[PDB]
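Single chain ahead, written as structure tokens, the form deposited in one PDB entry.
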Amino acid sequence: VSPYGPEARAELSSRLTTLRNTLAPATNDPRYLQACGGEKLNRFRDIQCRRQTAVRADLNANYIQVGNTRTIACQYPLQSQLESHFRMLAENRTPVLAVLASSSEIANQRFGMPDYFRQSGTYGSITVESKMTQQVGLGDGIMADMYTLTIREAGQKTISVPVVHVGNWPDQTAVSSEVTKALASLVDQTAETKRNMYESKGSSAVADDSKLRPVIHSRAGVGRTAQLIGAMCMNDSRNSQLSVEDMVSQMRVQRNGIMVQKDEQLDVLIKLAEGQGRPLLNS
């Protein structure tokens, strides 16, 4: 009986479907961060932000810990949220910002996805400089474009953030397991280089577990984002024996029930787990 056979797969899907359904947000749900005074918080009305793990009161963004792996998952910031988003990125000493929304999505003005990392700009008191750096192919034609974002604000320490932009991963799809591995390695390596610099400089952030977290977002911050975070957690040696059930349940209780949004995205996590001999189900 394979632990990765149709019966185990069906059981995993049944457990996760129950969890998605019971985590769906109620109106004024105490579990979810609420908008204040009419200003839009959630890019998508029913893709909400777990209050207990919210990063900032005015962002749809969550602290995520899968096993031992600590990240932030968020939605693509709204235009009104850009100053706060850049403050999140700077205060976190962000070692990598992985953006998985496509160039086509960002270009479509109907979607309200500001092009905040590929060009320079001013957002309230913050000035952001963008520089293009290397381009890395990930397989199957999927491409990572990298940037450095330098975040300035009078009186504040200047912070530069490495960005990994996958510009051609379409919404509601899963890139293959091989592409996912290549992406997770690139994001982890980018993060480790930048974290190492901070540690070399004696940054206080090194000792603060709310900081130095990779920040990942897509458009909603639940589909492409969750596939990448699940693959990153499987690269962390500390996460031996953490099951797929655990990793998806943790992302869901810590952000919302949509984390791992499409069956094809769950299937990639299952395939990566099987490759490691990692359990799918608890017990």
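From 1 onward, residues are counted along the sequence shown.
- In this entry, 206-214 shows the higher mean Cα temperature factor of the pair 192-200 and 206-214.
- Averaged over Cα atoms, the B-factor as recorded in the entry is higher for 112-120 than for the other of 112-120 and 75-83.
- Listed residues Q52, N42, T69, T225 were ranked by CA B-factor as deposited; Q52 comes out on top.
- Residues shown: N256, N62, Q250, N235. Highest C-alpha temperature factor in the entry: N235.
- When the CA B factors of the chain's modelled residues are split into thirds, the value for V166 lands in the lowest one.
- When the modelled residues of the chain are ordered by their C-alpha B factor, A90 lands in the middle third.
- In this PDB entry, the Cα temperature factor of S243 sits in the middle third of its chain's modelled residues.
- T148 sits in the middle third of its chain by CA B factor, as recorded in the PDB entry.
- Per the PDB record, residue ranking by Cα B-factor puts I270 in the middle third of the chain.
The same protein also has a form deposited with a partner chain bound, omitted here; what follows describes it.
- Note on contacts: among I159, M88, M113, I126, the single residue with a heavy atom within 4.5 Å of the partner chain in the entry with it bound is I159.
- The chain is drawn here without the partner chain; in the entry with it bound, the stretch among 73-81, 201-209, 95-103, 113-121 whose residues come within 4.5 Å of it by any heavy atom is 201-209.
- The partner chain in the entry with it bound comes within 4.5 Å of a heavy atom belonging to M197.
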